[PDB]
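In what follows, a structure is listed as structure tokens, so that the remarks can point back to it.
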Amino acid sequence: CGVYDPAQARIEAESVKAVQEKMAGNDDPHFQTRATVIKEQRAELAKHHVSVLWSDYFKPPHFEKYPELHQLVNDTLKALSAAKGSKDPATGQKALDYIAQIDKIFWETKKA
Amino acid sequence: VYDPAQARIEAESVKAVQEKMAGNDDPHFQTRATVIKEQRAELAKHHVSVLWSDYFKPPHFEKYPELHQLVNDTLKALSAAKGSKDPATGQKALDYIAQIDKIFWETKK
Amino acid sequence: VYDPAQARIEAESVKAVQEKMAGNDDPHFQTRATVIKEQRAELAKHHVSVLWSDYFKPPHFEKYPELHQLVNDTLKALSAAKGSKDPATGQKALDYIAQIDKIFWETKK
Amino acid sequence: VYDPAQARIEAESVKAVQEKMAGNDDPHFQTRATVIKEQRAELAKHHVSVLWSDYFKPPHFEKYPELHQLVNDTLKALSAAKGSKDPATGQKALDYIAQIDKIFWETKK
Amino acid sequence: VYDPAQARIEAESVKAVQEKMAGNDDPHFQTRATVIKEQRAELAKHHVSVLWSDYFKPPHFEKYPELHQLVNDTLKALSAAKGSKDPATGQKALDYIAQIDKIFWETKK
Amino acid sequence: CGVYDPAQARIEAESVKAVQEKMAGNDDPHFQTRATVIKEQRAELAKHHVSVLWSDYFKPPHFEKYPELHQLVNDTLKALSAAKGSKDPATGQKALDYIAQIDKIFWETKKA
């Protein structure tokens with residue numbers, strides 16, 4: 001407080017995509033199940049990190065300066081939820097795309 | 001299978017702990033109360049965030065343009081309650097949650 | 001500051017997930033459903049267990065001699081739903097929780 | 001695959017922390033000790049509760065009619081230690097857990 | 001107030017789940033078993049890491065130069081067990097834990 | 001797997017130091033207690049992240065190539081434990097110093 005960094009969300013969302021990518025490589029049901037367990041945990045951790053930035057780091061001036069930020073954060077969380085439900089790495093990548101947009105705004109607010 | 005009652009019950013616990021902190025200034029008790037209040041407020045925030053991210057959909061945010069900011073204020077109110085002993089901060093959090101609850105059940109109709 | 005509604009809500013998710021499992025045989029969906037069910041049943045169990053350990057007091061147990069066994073039955077009902085895809089097991093857990101809910105509010109009056 | 005030793009170990013930490021609290025009045029140390037105690041007692045309670053819900057079965061409860069109340073007493077003993085700095089409260093919890101340990105291993109023979 | 005028994009009991013749960021996975025290939029059961037095995041192995045690893053970081057001291061690492069690598073191998077064995085259904089991987093983890101336990105109790109003398 | 005980054009440990013250890021620094025600014029017992037609660041959680045999260053890198057990311061060749069790494073990781077965890085017990089920001093900073101040493105080795109292993 002107020003030491004926050006979207007790197008946490010990003011790293012956990014990379015785990016999600018990485019796991020998705022491995023699920024194409026190994027049809028072993030045990031492996032598929034473990035991958036699914038891990039992916040569920042990591043996506044939910046990524047969502048917590050995104051949510052925390054939104055509620056705890058970003059403040060009223062940030063939301064006036066970036067009117068799009070509320071919806072962007074909601075979209076990010078929903079993208080992470082869709083990645084959670086999926087084996088398709090494109091869904092993981094979409095969540096990473098959104099997180100990158102949060103990250104860009106974040107580092108701007110550190111400047112002014 | 002979402003119900004704002006989960007956020008409510010947790011925020012009610014926050015407020016009840018604040019009230020109890022006013023009636024006993026034993027430092028051990030004060031510390032225990034602070035510990036319990038910190039966890040309850042974070043659980044409440046989790047539950048609120050989950051409604052916002054997982055239950056509410058773009059049609060709802062269209063119909064209720066103030067919803068995004070309401071949820072953010074609610075989470076910020078819960079953080080303020082977390083950092084305070086004043087039961088009125090717990091009550092403000094509950095007030096915000098009641099407004100979410102109103103909208104939530106309106107979308108269930 | 002307790003409410004068996006917390007247990008109920010979680011047990012309701014258990015049943016809901018069981019129902020979803022009948023309509024979609026995709027292995028990944030079945031796996032995720034199973035993962036989610038496991039967590040939700042254990043959360044419901046935690047809520048039930050806490051009521052029993054922290055809310056209910058000696059006077060309640062003397063007034064309700066069946067309550068120890070009711071709560072244990074509830075927990076085993078939830079474990080049974082955890083290990084099953086049959087929504088009837090989810091409903092049975094809900095039925096037991098409902099019996100705890102009634103007793104709870106009688107003690108609050 | 002259960003063992004009341006898990007509950008014991010956690011309850012032992014509770015008592016140990018209570019003892020440390022007598023020899024060091026630094027507020028920060030007292031606060032940390034209180035934080036740690038709270039967690040450890042709740043872990044011990046979780047372990048005790050799981051035994052009761054998941055390990056003990058109807059035959060055990062008929063064979064040991066006092067077991068429901070023994071376990072509930074144990075949990076309240078742990079809650080009492082959680083809310084106290086007196087090592088005697090920690091020891092009382094350990095004593096109850098020891099009674100559960102004996103019953104447990106009788107059921108395993 | 002450390003005891004390698006916590007790591008052991010958790011790794012014993014890993015092995016018992018692996019054995020049980022060999023006796024029933026129902027996919028729902030297999031998934032549940034995988035979920036439970038994943039949590040147990042991580043708890044075991046947590047407990048092992050805690051002994052290494054919080055209990056063992058520089059004099060111990062001097063007296064037992066192989067201890068650092070033993071602990072790392074133990075954690076790696078537990079990860080291997082986590083990723084496998086072979087009960088022999090669970091047993092290798094327990095074997096490593098038994099070597100830590102031997103050293104641990106030697107340092108208590 | 002194998003997507004790991006010592007940034008996670010570092011960010012949580014920065015939280016620890018930041019909290020330590022705030023405890024000098026406000027003598028309110030409630031505030032001191034909250035600071036203590038948060039500091040305990042964040043330090044233990046930092047320790048998990050350090051431990052995970054050591055057990056899950058680093059492999060036998062890394063430990064032969066860096067014979068000091070086992071002890072360095074143990075020192076890092078103990079430093080985080082000492083920071084956990086303390087209000088002195090210097091203890092937080094020491095844990096960050098150690099984490100930086102892990103981070104340097106880490107990014108070398110990503111190159112070869």
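Every number here is computed from the coordinates shown, using simple stated rules; none is lab data. For neighbour counting, all protein chains shown are included, and Cβ atoms are generated from backbone atoms with ideal geometry for every residue, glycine included.
Structure summary
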item	result
Any hit, the stretch A:51-60, residues being in a loop (DSSP other than H, G, I, E, B) and closer than 22 Å to B:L43 by Cα	yes
Boolean, F:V50 is away from chain B (no Cβ under 13 Å) and either among the aliphatic types (A, V, I, L, M) or within 20 Å of D:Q30 (Cβ to Cβ) (or both)	yes
Of all residues making up the stretch B:75-92, the number that are under 19 Å from A:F58 (Cα atoms) and either touching a strand residue (DSSP E or B) at 6+ places or on another chain (Cβ under 8 Å) or assigned to a loop (DSSP other than H, G, I, E, B) (or both)	1
Pick from the stretch F:1-34, criterion small (G, A, S) and at the interface with another protein chain (Cβ under 9 Å from one of its Cβ atoms), ranking: nearest to F:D88 (Cα to Cα)	F:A18
Qualifying residue in the stretch B:62-77 (condition: within 30 Å of B:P27 (Cβ to Cβ) and loosely packed, with under 15 Cβ neighbours inside 10 Å)	no
Wholly enclosed helices (runs of 4 or more DSSP H) of the stretch C:1-74 bearing at least 2 residues within 28 Å of A:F31 (Cβ to Cβ) and within 13 Å of chain D (Cβ to nearest Cβ)	C:27-50
Subset of the stretch D:6-19 that is within 10 Å of the chain's Cα centre (by Cα) and of a type in the set (A, V, I, L, M, F, W, C) - its residue that is surrounded by the most Cβ atoms within 10 Å (Cβ to Cβ)	D:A11
A:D75 closer than 22 Å to B:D73 by Cα and assigned to a helix (DSSP H, G or I)	yes
Restricting the stretch B:78-91 to residues that are crowded, with 18+ Cβ neighbours inside 10 Å and among the charged types (D, E, K, R), the residue that is nearest to the other protein chains (Cβ to nearest Cβ)	B:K85
Identity of the residue in the stretch E:50-61, touching a helix residue (DSSP H, G or I) at 6+ places or on another chain (Cβ under 7 Å) and surrounded by fewer than 18 Cβ atoms within 10 Å (Cβ to Cβ), that ends up nearest to E:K109 (Cα to Cα)	E:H60
Search result, residues across the stretch F:71-112 that are in contact (Cβ under 8 Å) with a residue 12 or more places away in the chain and over 19 Å from F:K17 (Cβ atoms)	F:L72, F:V73, F:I105, F:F106, F:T109
Subset of the stretch F:20-41 [surrounded by fewer than 17 Cβ atoms within 10 Å (Cβ to Cβ) and in contact (Cβ under 8 Å) with a residue 60 or more places away in the chain]	F:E21, F:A24
Within the stretch B:1-40, tally of residues that are within 21 Å of D:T34 (Cα to Cα) and of a type outside the set (F, W, Y)	26
Hits in the stretch C:92-105 - residues which are of a type in the set (F, W, Y), without any contact (Cβ under 8 Å) to a residue 40 or more places away in the chain and away from chain D (no Cβ under 14 Å)	C:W105
Flag for A:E44 being within 9 Å of the chain's Cα centre (by Cα) and either touching a residue at least 40 places away in the same chain (Cβ under 8 Å) or within 14 Å of chain B (Cβ to nearest Cβ) (or both)	yes
Number of positions in the stretch E:18-49 that are free of Cβ contacts under 8 Å to residues at least 24 places away in the same chain and among the hydrophobic types (A, V, I, L, M, F, W, C)	4
Count - residues of the stretch F:42-80 that are out of contact with any helix residue (DSSP H, G or I) (no Cβ under 6 Å at 6 or more places or on another chain), polar (S, T, N, Q) and buried (at least 18 other Cβ atoms within 10 Å of the Cβ)	1
